[PDB]
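Below is one structure, written out as C-alpha cells; the observations come after it.
Protein chains: 2
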Amino acid sequence: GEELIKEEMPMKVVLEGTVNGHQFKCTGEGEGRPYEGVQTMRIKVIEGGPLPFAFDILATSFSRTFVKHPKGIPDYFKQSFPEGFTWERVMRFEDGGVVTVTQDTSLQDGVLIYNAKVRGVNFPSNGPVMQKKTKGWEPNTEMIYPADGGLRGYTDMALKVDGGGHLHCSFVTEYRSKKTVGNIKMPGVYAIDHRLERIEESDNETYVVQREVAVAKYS
Amino acid sequence: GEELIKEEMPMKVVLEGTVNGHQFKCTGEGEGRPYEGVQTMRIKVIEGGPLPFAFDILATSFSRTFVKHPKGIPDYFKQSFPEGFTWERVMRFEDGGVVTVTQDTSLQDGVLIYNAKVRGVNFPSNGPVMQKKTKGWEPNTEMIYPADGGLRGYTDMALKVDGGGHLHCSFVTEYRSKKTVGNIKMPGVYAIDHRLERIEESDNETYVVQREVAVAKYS
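Protein chains in written order, with the entry's author numbering: chain A, 1 to 62, 66 to 222; chain B, 1 to 62, 66 to 222.
Next up, the structure:
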C-alpha cells in the first residue's frame, strides 16, 4: 500500500464551494516528495473569480500524504493506498466565520486525485477575510489522536492580518482510510509541525502557487 | 475548587439565538447531582415561540459540570470554580445545517448561571428540523482530548427522524476554564457516555423538560 506512494508524486485537485453564498471552482496541478514532507501546488481560480474573499481560507484544503514520519511512527496516510482516504474539517474563526470541508484523496495511474467541497458561512462583511486583508497562516502543530479505524487532528491556527495582528482559527479534522480489508498499523498520539508558505500569486489572487513543509514528531 | 460544587446544585440559563433567519430567547430553571451525573432542566421558549424548528437542535445547548468522574479521571469542569468555564461548539448536519454556539458557565451564590448564544444557518427549507419531524437524540459518547489549558470534545451524534431514520451530526466542542491562576490537574484522553431524554413538553414545544445522565470512562 506504501510501495504505491513513490519518492516523487504528481497530484491534481478540484475544489468547489460557496463562501457567504459566493460560488467558485478552483483546479490545481503540483508535485512533491512524500517521504521528505514537502510539496508545491499551482492553483487557478477558474470560476467565480476574483473571489470577494481571502484565498487563505481555501489554501489549507489543497494533502497529509506528504508528511515526513520518522521510523517509529506508522504513517496512516501512505498505508491507505491504493484506495486513499477522506478528511472532514471544521474551521471556526474567532470573528464568527465557520468553514466545513469534505475531501476525497484517491490514486489513479500514479497520480494523487484531490476533490474538496468547501462551505464557509457567517464571515462578517467588514472582517479581514471578506475584506482580503490577510498575510497567510503562521507555522503551527496538529495533534493527531487515533479514533476507531481513523485519526482526529486538532490545530490552533493563526491567520496573520493587516497591522500585524492575528485572526485565530480552530481546525478540527477527522481522517478516515478507504481501506476496509487490511491490517493498517495504527499510530499512537503524535504531532505534525506544518508550514504553509505562499510562493507566488497573480491577477487579484486567481493564480496561486503554494509550498507546504510538514514533519511528524513523537508526543 | 470542587468544595463549591455540592451534592445538589440548582441552575438557571438564558439562550438567545437565530436559526435560519428566525430569532428566539429561552430561559431555564433546573437542578441535579454532579457527582451522580444526573440533572433535570425545565425550559420555556419566552420569545419567538412557537419556533419554526425542532427544539432538539437547542436541547444539547442547555452542562458538563454534571458528569460522574471515576476517582482516577480528574474533573476539569468542577476545578474551574469559582470562575467556571465557557464552551464553543459547531454542529455540522449532513443535510447542510450549521449551528455555532458560545456558552458561559459561572457561579453566583451557589447557583450555576448558563448564558448561550446560538446561530444556525443553511437548514434545508424542507429538511426534518425545519419541518419539526425529529424524535430526540440517541445515547452517544463524547471523546474528550486535552489542549493548552482547555479540552476538545468530539461526538458523532444521531438525531432521530419520523419514519425511524437519523440525521447524523458531528459535534465539535472546545471547553476553556476561566481560572487562569493555580494548578487545575489536567486529564488525559477520555470519554463521556451521555444520554439526553425529553421527559415532558407542551404548548407547541414552548415548555420542555429534559434529564441528562452523563458518566466518564477510561479510553
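In this text, a Cβ means the ideal position worked out from N, Cα and C, and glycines have one as well.
Counting only beta-carbon atoms, is residue i nearer than 8 angstroms to chain B?
i	result
A/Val-175	yes
A/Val-38	no
Among the candidates the options, whose CA atom is the shortest distance from the CA of residue i?
i	options	result
B/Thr-144	A/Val-38, A/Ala-150, A/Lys-71	A/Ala-150
A/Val-14	A/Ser-222, A/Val-218, A/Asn-118, A/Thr-103	A/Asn-118
A/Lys-188	A/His-197, A/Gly-153, A/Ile-43	A/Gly-153
A/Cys-26	A/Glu-8, A/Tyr-210, A/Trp-90	A/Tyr-210
A/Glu-203	A/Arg-42, A/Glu-29, A/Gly-21	A/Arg-42
A/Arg-201	A/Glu-91, A/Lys-44, A/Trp-140, A/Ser-109	A/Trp-140
A/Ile-57	A/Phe-88, A/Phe-80, A/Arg-92, A/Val-132	A/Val-132
B/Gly-113	B/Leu-4, B/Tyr-221, B/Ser-222, B/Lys-220	B/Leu-4
A/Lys-163	A/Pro-73, A/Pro-52, A/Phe-96	A/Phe-96
B/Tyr-148	B/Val-175, B/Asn-125, B/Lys-181	B/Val-175
A/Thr-18	A/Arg-198, A/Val-104, A/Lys-71	A/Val-104
A/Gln-213	A/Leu-51, A/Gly-32, A/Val-70	A/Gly-32
residue 231 of chain A	A/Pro-190, A/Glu-86, A/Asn-20, A/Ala-194	Residue 231 of chain A cannot be examined here, being either before or after the span of chain A that is shown, 1 to 222.
B/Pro-142	B/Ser-205, B/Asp-196, B/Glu-86, B/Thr-40	B/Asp-196
B/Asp-206	B/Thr-40, B/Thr-89, B/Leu-51	B/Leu-51
B/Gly-21	B/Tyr-157, B/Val-124, B/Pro-73	B/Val-124
B/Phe-55	B/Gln-134, B/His-169, B/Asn-186	B/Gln-134
A/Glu-16	A/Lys-138, A/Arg-198, A/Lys-44	A/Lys-44
A/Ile-116	A/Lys-136, A/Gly-156, A/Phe-84, A/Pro-77	A/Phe-84
A/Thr-89	A/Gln-106, A/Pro-73, A/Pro-77	A/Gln-106
B/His-171	B/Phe-53, B/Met-94, B/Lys-136, B/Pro-73	B/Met-94
B/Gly-168	B/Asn-186, B/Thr-137, B/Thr-40	B/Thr-137
B/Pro-127	B/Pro-73, B/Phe-53, B/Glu-208	B/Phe-53
Going by the CB atoms, is the gap between residue j and residue i shorter than 8 angstroms?
i	j	result
A/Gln-111	A/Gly-1	no
A/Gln-23	A/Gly-49	no
A/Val-38	A/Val-216	yes
B/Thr-108	B/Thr-68	yes
A/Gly-99	A/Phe-62	no
A/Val-101	A/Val-121	no
B/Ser-180	B/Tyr-79	yes
B/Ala-219	B/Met-146	no
B/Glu-86	B/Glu-177	no
A/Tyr-157	B/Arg-198	no
Which word fits residue i, buried or exposed, when buried means at least 16 other C-beta atoms lie within 10 angstroms of its C-beta?
i	result
A/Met-11	buried
A/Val-184	exposed
A/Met-160	buried
B/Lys-6	exposed
B/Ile-46	exposed
A/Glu-8	exposed
residue 240 of chain B	Absent from the structure is residue 240 of chain B, since the part of chain B shown begins at 1 and ends at 222.
A/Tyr-221	exposed
B/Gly-130	buried
B/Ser-66	buried
A/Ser-173	buried
A/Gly-30	buried
A/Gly-166	exposed
Should residue i be flagged as near chain A, meaning a C-beta pair shorter than 8 angstroms?
i	result
B/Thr-103	yes
B/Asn-143	no
B/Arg-122	yes
B/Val-13	no
B/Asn-125	yes
B/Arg-95	yes
B/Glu-16	no
B/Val-19	no
B/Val-192	yes
B/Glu-91	yes
Can you pull the chain D residues whose beta carbon is under 9 angstroms from the beta carbon of residue i, in chain order?
i	result
B/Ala-150	In the structure shown, chain D does not exist; the protein chains are A and B.
(message) Could you tell me which whole beta strand (DSSP E) segments of length 3 or greater appear in the segment 28 to 62 of chain A?
(response) Qualifying beta strand (DSSP E) stretches, in chain order: 38 to 47.
Next on the checklist: Report the start-end ranges of each beta strand (DSSP E) in the segment 120 to 173 of chain B that is 3 residues or longer and not cut off at the edges.
Outcome noted: The segment 120 to 173 of chain B contains these whole beta strand (DSSP E) runs: 137 to 140, 143 to 150, 153 to 164.
- Message: List, from N- to C-terminal side, the beta strand (DSSP E) runs of 3 residues or more that fit wholly inside the segment 176 to 206 of chain B.
- Response: Correct list: 193 to 205.
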